There are 2 protein chains.
Amino acid sequence: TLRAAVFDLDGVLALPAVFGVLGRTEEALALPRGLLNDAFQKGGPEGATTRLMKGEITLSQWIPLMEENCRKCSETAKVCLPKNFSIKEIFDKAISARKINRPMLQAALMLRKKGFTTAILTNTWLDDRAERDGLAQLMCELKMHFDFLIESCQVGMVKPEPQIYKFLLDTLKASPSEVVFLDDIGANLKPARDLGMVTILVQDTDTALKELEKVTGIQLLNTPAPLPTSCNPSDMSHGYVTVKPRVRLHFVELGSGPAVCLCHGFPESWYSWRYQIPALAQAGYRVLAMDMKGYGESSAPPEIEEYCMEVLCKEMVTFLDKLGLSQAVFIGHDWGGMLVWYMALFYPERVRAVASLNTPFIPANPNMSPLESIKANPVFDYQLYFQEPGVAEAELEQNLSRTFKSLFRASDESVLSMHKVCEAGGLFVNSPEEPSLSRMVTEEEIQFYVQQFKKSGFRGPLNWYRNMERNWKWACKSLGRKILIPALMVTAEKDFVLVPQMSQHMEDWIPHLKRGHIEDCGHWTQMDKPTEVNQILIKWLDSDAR
Amino acid sequence: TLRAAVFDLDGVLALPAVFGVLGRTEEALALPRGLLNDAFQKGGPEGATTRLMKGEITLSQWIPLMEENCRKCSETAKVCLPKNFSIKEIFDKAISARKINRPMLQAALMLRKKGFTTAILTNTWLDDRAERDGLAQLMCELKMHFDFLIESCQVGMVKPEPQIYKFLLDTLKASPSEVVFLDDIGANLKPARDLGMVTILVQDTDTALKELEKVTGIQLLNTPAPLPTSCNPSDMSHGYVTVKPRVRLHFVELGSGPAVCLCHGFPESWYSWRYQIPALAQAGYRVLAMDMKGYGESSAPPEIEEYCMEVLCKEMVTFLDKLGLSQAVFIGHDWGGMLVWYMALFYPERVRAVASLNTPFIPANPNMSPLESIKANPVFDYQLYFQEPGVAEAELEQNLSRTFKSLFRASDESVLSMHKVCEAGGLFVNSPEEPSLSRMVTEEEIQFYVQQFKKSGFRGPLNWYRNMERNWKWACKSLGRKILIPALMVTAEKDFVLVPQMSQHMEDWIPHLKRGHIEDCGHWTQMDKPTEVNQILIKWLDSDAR
Ligand SMILES: Cc1ccc(SCC(=O)c2ccc3c(c2)CC(=O)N3)cc1
Ligand SMILES: Cc1ccc(SCC(=O)c2ccc3c(c2)CC(=O)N3)cc1
């Protein structure tokens with residue numbers, strides 16, 4: 001039985017095939033048929049192209065050798081080449097236009113999800129062109145999705161030589177009969193078939209995928225829209241900044257470009273942005289996903305005042321100071337959203353742009369104390385139960401797995417009675433001891449949050465709700481200001497605490513505010529609707545955050 | 001006696017003073033004298049400007065209020081303002097042209113070096129302009145050099161109100177008689193003098209500095225060229241990437257912009273780039289200063305083969321893969337330099353540009369084994385003593401302080417006999433047990449390297465020299481290639497192992513190679529000549545690495 005799938009890059013995982021450019025070029029330039037492909041294949045396994053693919057020479061060294069083969073191929077067929085003609089120009093465009101074959105990637109991902117060992121096997125070159133980054137970016141993206149990437153120029157062997165195939169079996173630690181091999185070049189397909197491997201000639205993706213699904217017995221074609229790429233914690237770059245003697249801040253970092261700082265809510269983690277981190281990095285941003293003060297690998301001092309908004313924001317400014325960042329885009333959810341609006345108001349110089357998921361910006365009422373204000377809405381009663389130190393800590397820390405499984409659920413999966421929690425005398429009253437697994441989460445993900453909360457518990461997290469009065473007084477200083485820097489408000493239709501209607505007057509304080517709205521989305525926005533969140537964020541970042 | 005110095009920003013630490021723009025504008029536009037300054041100061045402590053400086057309103061909200069005051073100031077004096085006239089345009093240019101007053105910064109740094117508590121006290125605003133980053137960048141740079149930064153808009157108090165002064169004493173935890181206060185506005189100077197503080201009216205920097213040196217008793221004017229800013233390890237952002245199950249890589253990170261990856265030599269540390277990290281970040285780069293495999297907080301597996309060049313380079317590619325970086329500029333010294341040339345040769349796609357300090361690129365001789373090659377030069381005899389496992393480890397680990405103090409010395413400070421170490425039967429033969437402190441290093445810096453080498457010792461570091469044969473075979477695959485990506489070779493005049501002449505033929509393999517040369521510079525290039533290294537690197541990065 002099959003347990004490994006192998007794919008070529010050109011014509012299989014990446015389209016349009018770079019080899020096809022020779023054919024299009026001669027047709028566009030009305031040149032003799034196959035003239036470009038003959039110059040490209042001159043000398044066979046002794047010629048320029050084989051040397052390049054084995055890694056003997058770099059692409060920049062090969063460019064003039066291919067041109068010499070082009071003048072030799074033209075003089076025989078009695079033809080003239082134009083003066084505007086450049087081989088580098090032709091290849092630059094072909095490499096630049098070659099994009100990932102998404103349905104083929106999805107199929108490769110689905111096979112790996114189902115236990116298959118996957119690999120890319122390609123005839124490639126050492127790219128030293130001034131424009132090499134384009135391909136480095138494509139390869140970097142593609143490679144993370146496979147167990148192995150075998151490149152001809154790195155192994156010094158080429159397809160169709162039999163050595164590379166034996167090297168491929170050796171890497172996969174599998175018998176040829178356990179391997180499906182996909183290629184667009186019949187010649188390169190032959191030696192794999194010869195060893196007894198299952199082969200697929202790839203012409204059109206759809207047919208190749210039909211051949212793949214019948215041979216693996218797994219549905220790969222027409223399957224549902226897959227979730228965005230997530231994060232495996234152990235494969236991330238983990239960063240640590242000391243902001244003051246007793247306070248260190250932890251973050252996960254991915255990508256290059258403008259710094260985007262992601263701020264989670266209560267009782268969350270950097271992992272809460274797992275579906276946004278690869279997506280935002282791929283979109284051209286440097287993502288810094290925080291473990292906010294009180295959470296995960298970040299310090300959790302006991303004192304209530306360590307979690308007032310003023311202190312939290314000053315510490316976030318020091319975080320940028322110590323990392324040498326003059327600015328960052330700040331994107332927050334729930335308590336992170338509140339932090340992010342106050343970063344925009346108090347430190348507009350350090351905030352490139354501001355975005356909030358679910359959390360609206362509501363100016364403090366200087367006439368009404370926040371305890372009065374919170375009491376006026378029955379949906380905010382849980383926050384009053386959070387006030388007394390040690391009480392909610394006790395309940396939420398008793399069974400970590402039950403806590404997260406009960407919390408992290410979609411709009412139609414509610415198990416916790418969010419009303420009259422003070423009257424009921426408990427947050428977990430009339431709730432299962434063993435809740436069902438929400439469709440949003442896996443057992444492993446819940447267990448990641450469980451392990452994270454084992455270090456400091458709920459004291460620091462709950463303290464974020466225990467500075468209602470300090471936060472109110474601090475907020476009153478900002479009453480005459482407006483948020484005039486780029487801003488995005490994203491509302492979640494089915495969040496019954498942070499309701500979309502609560503954001504209705506924000507235009508009065510943020511006139512140029514931009515918006516997004518997600519239908520059928522609960523409180524846990526990022527994992528409830530990851531695809532839409534990424535769509536809205538990337539669209540807004542590219543237009544407003546540069 | 002004086003123990004604290006306080007400086008204003010505008011007109012003191014930053015020039016040309018932004019307040020002076022009002023005067024230049026009216027003179028250039030041939031407008032009534034003081035017209036701009038009257039509109040700027042309209043309503044006094046009740047008007048627009050005071051509100052802005054206290055933080056009641058942001059700069060963008062103030063812009064139209066100042067314009068309203070400009071139409072009111074012009075109608076009284078019977079004058080017309082042009083149609084091309086914009087207040088925002090005037091302030092944008094004034095903020096943009098305002099640069100750091102380097103001699104004033106040097107003086108502030110020298111006072112802090114001598115035990116003074118230093119602070120910036122300024123009347124500033126909440127900057128929310130599209131161009132706010134310019135000032136955020138200036139403030140971020142300036143602030144790191146002081147114990148405190150008190151901003152009017154953040155504290156909600158302004159100069160000359162007496163409250164801010166009492167707030168300043170409170171922050172400094174010092175009596176007014178212990179404080180020197182520097183300001184360009186006599187009015188803002190008055191309340192400090194009134195409390196008994198030492199004051200300095202700042203008109204021209206030179207005179208202000210003369211007044212400062214006589215009052216502190218420390219030479220601040222005409223003093224020698226200071227060393228570049230260094231790194232305090234505890235204030236850095238520390239990053240950790242797992243490249244394989246048993247291998248994690250540690251790095252220090254600072255700045256934004258293109259990623260510059262710094263690779264140290266033997267037996268060094270990320271700290272070896274201490275003088276380059278702030279300088280390169282300030283120059284517009286994202287610096288990643290590595291703890292190379294075998295060093296510091298990075299993993300140090302015991303096996304010799306874990307340190308062959310192929311493995312080291314593959315791990316550096318995975319480092320970029322896990323951080324989500326398609327490329328980095330690679331800058332290396334000694335063994336890091338060798339790694340960096342092999343990164344350019346084997347992975348040109350992932351290398352934006354390559355730079356080496358001291359280490360030349362020499363192609364492998366396919367006819368001569370590296371043991372023969374190394375033997376041909378008597379300066380390389382220490383490398384033969386490094387070959388036998390456990391021998392050099394024993395000597396170098398016996399006294400860590402003696403090891404580093406003996407090694408880290410300038411060209412005229414040599415204490416170790418580098419010749420016939422095998423014949424002498426020891427690396428430390430006829431060398432002091434307690435060497436003098438080199439002028440390049442402080443006791444604290446040596447002790448940082450001592451603490452770093454306490455975790456894994458010298459086995460992993462020495463293993464870099466123990467793959468002569470594997471490295472040679474691997475290098476032979478690259479014999480037909482050329483380095484065609486941007487490249488810099490920096491030679492050190494007095495390095496007697498890695499001599500400048502050894503780099504003489506590099507143009508044959510790197511035709512577009514760029515060069516730098518540092519005279520009177522030993523092996524430890526970065527700490528021997530930090531200023532010149534930074535000059536050469538920044539100049540090359542800005543022209544060749546974008
Ligand atoms: C028992 C309990 C109740 C509330 C919280 S706060 C975080 C939370 O669970 C939550 C917040 C807002 C919200 C929902 C859950 C569901 C919803 O629609 N809005 C924590 C523990
Ligand atoms: C005892 C000993 C000898 C050599 C080394 S290698 C690093 C080193 O110390 C060094 C390398 C090159 C070099 C100098 C020192 C001085 C110089 O001019 N070139 C380590 C320990």
Side-chain angles (χ1 to χ4, degrees), chain A residues 233 250 264-272 274 290-307 312 333-336 338 358 374 378-468 495-498 522-528:
Chain A
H250 165 256
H264 69 73
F266 172 95
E268 306 183 55
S269 163
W270 68 265
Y271 200 61
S272 281
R274 68 196 172 284
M290 305 304 298
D291 258 342
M292 303 298 282
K293 194 196 192 154
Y295 297 88
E297 305 184 57
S298 285
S299 302
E303 307 81 24
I304 286 165
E305 60 284 357
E306 283 291 283
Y307 303 88
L312 296 162
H333 169 254
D334 182 77
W335 267 117
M338 197 61 81
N358 306 40
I374 291 306
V379 92
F380 292 142
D381 292 343
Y382 70 93
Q383 308 194 345
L384 298 162
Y385 199 80
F386 282 0
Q387 294 307 292
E388 189 62 30
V391 189
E393 280 93 332
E395 285 166 54
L396 297 149
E397 291 171 5
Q398 197 274 325
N399 193 346
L400 257 23
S401 196
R402 183 209 177 162
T403 292
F404 296 107
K405 276 189 188 196
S406 315
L407 294 175
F408 302 157
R409 313 189 68 82
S411 46
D412 62 340
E413 286 181 318
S414 179
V415 305
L416 290 167
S417 82
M418 288 260 284
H419 286 328
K420 279 115 92 176
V421 301
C422 287
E423 183 188 88
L427 300 146
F428 290 104
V429 173
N430 294 333
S431 195
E433 211 75 49
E434 289 192 4
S436 77
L437 198 59
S438 162
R439 59 171 185 267
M440 296 208 301
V441 294
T442 62
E443 190 59 34
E444 291 63 32
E445 286 172 330
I446 289 284
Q447 291 315 306
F448 175 81
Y449 285 95
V450 163
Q451 265 300 297
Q452 293 303 103
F453 282 72
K454 257 181 225 265
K455 184 202 173 189
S456 319
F458 277 82
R459 181 171 191 158
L462 288 154
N463 283 345
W464 284 70
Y465 284 100
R466 294 172 178 156
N467 292 278
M468 297 205 296
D495 185 327
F496 309 107
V497 177
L498 300 173
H523 180 74
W524 322 96
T525 314
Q526 305 96 297
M527 56 167 139
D528 198 319

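In what follows, chains carry the letters A, B, and so on, assigned in the order in which the sequence lines appear, proteins first and then strands, with residues in each chain numbered from 1. Computation of the quantities below employed the complete heavy-atom set of this structure, encompassing side-chain atoms and omitting hydrogens, waters and symmetry-equivalent molecules.
Nearest heavy atom pair, residue A:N467 against residue A:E305, reads OD1-CA, 3.8 Å. Taking all atoms of both residues into account, the shortest heavy-atom contact from A:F380 to A:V497 is CE2-CG1, 3.7 Å. The two residues A:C422 and A:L384 come nearest to each other via the heavy atoms SG-C, 4.2 Å. Closest non-hydrogen pair, A:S456 versus A:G294, comes out as CB-O, 4.4 Å. Scanning all heavy atoms of the two residues, the minimum distance from A:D334 to A:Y465 falls at OD2-OH, 4.4 Å. The minimum heavy-atom distance between A:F448 and A:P233, with the atom names listed, is CE1-CG, 3.5 Å.
A distance of 6.0 Å or more separates the ring centres of A:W335 and A:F266.
Side chain of A:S272 to main chain of A:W270: no donor-acceptor pair is present (N/O by atom type, distance under 3.5 Å, no hydrogens or angles). Not one N or O on the side chain of A:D528 forms a donor-acceptor pair closer than 3.5 Å with the backbone of A:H523. Under a 3.5 Å cut-off, the side chain of A:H419 and the backbone N or O of A:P378 do form a donor-acceptor pair. A:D291 places no side-chain N or O within 3.5 Å of a backbone atom of A:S269 that could act as its donor or acceptor partner. Put simply, the side chain of A:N358 never gets that close to the backbone of A:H333: no donor and acceptor are under 3.5 Å apart.
Within the 4.5 Å cutoff, the side chain of A:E423 has no heavy atoms near those of the A:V429 side chain. The side-chain heavy atoms of A:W524 and A:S438, taken from C-beta on, include no pair separated by under 4.5 Å. Within the 4.5 Å cutoff, the side chain of A:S298 has heavy atoms near those of the A:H250 side chain. Using a 4.5 Å heavy-atom threshold, the side chains of A:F496 and A:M418 count as separate.
Rounding to the nearest 0.5 Å gives a distance of 8.5 Å between CG of A:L416 and CZ of A:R409.
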Can you give the donor-acceptor pairs under 3.5 Å from side chains of residues 390-402 of chain A to other protein atoms, not counting sequence neighbours?
{"from": "A:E393", "atom 1": "OE1", "to": "A:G390", "atom 2": "N", "distance (Å)": "3.0"}
{"from": "A:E393", "atom 1": "OE1", "to": "A:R466", "atom 2": "NH2", "distance (Å)": "2.8"}
{"from": "A:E393", "atom 1": "OE2", "to": "A:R466", "atom 2": "NH1", "distance (Å)": "2.7"}
{"from": "A:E395", "atom 1": "OE1", "to": "A:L427", "atom 2": "N", "distance (Å)": "2.7"}
{"from": "A:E395", "atom 1": "OE2", "to": "A:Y385", "atom 2": "OH", "distance (Å)": "2.5"}
{"from": "A:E397", "atom 1": "OE2", "to": "A:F458", "atom 2": "N", "distance (Å)": "2.7"}
{"from": "A:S401", "atom 1": "OG", "to": "A:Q447", "atom 2": "NE2", "distance (Å)": "3.1"}
{"from": "A:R402", "atom 1": "NE", "to": "A:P432", "atom 2": "O", "distance (Å)": "3.1"}
{"from": "A:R402", "atom 1": "NH1", "to": "A:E433", "atom 2": "OE2", "distance (Å)": "2.8"}
{"from": "A:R402", "atom 1": "NH2", "to": "A:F428", "atom 2": "O", "distance (Å)": "3.1"}
{"from": "A:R402", "atom 1": "NH2", "to": "A:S431", "atom 2": "O", "distance (Å)": "3.0"}

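Annotation: salt bridge (charged side-chain N to carboxylate O under 4.0 Å, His left out) contacts involving residues 445-463 of chain A, sequence neighbours excluded, comprise A:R274-A:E445.
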Inset, instruction - Given side-chain contact (heavy atoms from CB on, under 4.5 Å), test A:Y295 with A:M290 step by step and report yes or no. - result: CA-CA 9 Å; A:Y295 297 88; A:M290 305 304 298; over 6 Å; no

Inset, instruction - Go through the steps for A:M468 and A:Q387 under the test side-chain contact (heavy atoms from CB on, under 4.5 Å), then give the verdict. - result: CA-CA 9 Å; A:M468 297 205 296; A:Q387 294 307 292; 4.0 Å; yes

Inset, instruction - Please lay out, stage by stage, how A:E413 and A:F408 fare under the test side-chain contact (heavy atoms from CB on, under 4.5 Å). - result: CA-CA 9 Å; A:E413 286 181 318; A:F408 302 157; over 6 Å; no

Inset, instruction - Run the numbers on A:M527 and A:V441 for side-chain contact (heavy atoms from CB on, under 4.5 Å), then give the verdict. - result: CA-CA 8 Å; A:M527 56 167 139; A:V441 294; 3.6 Å; yes

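Relative orientation of the A:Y307 and A:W464 rings is tilted, given thresholds of 30° and 60° on the angle between their planes.
Other residues, nucleotides and ligands place no more than 12 heavy atoms under 6.0 Å from the CD atom of A:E434.
In this structure, A:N430 has no side-chain hydrogen bond (donor to acceptor under 3.5 Å, both in side chains) partners at least two apart in sequence or on a different chain.
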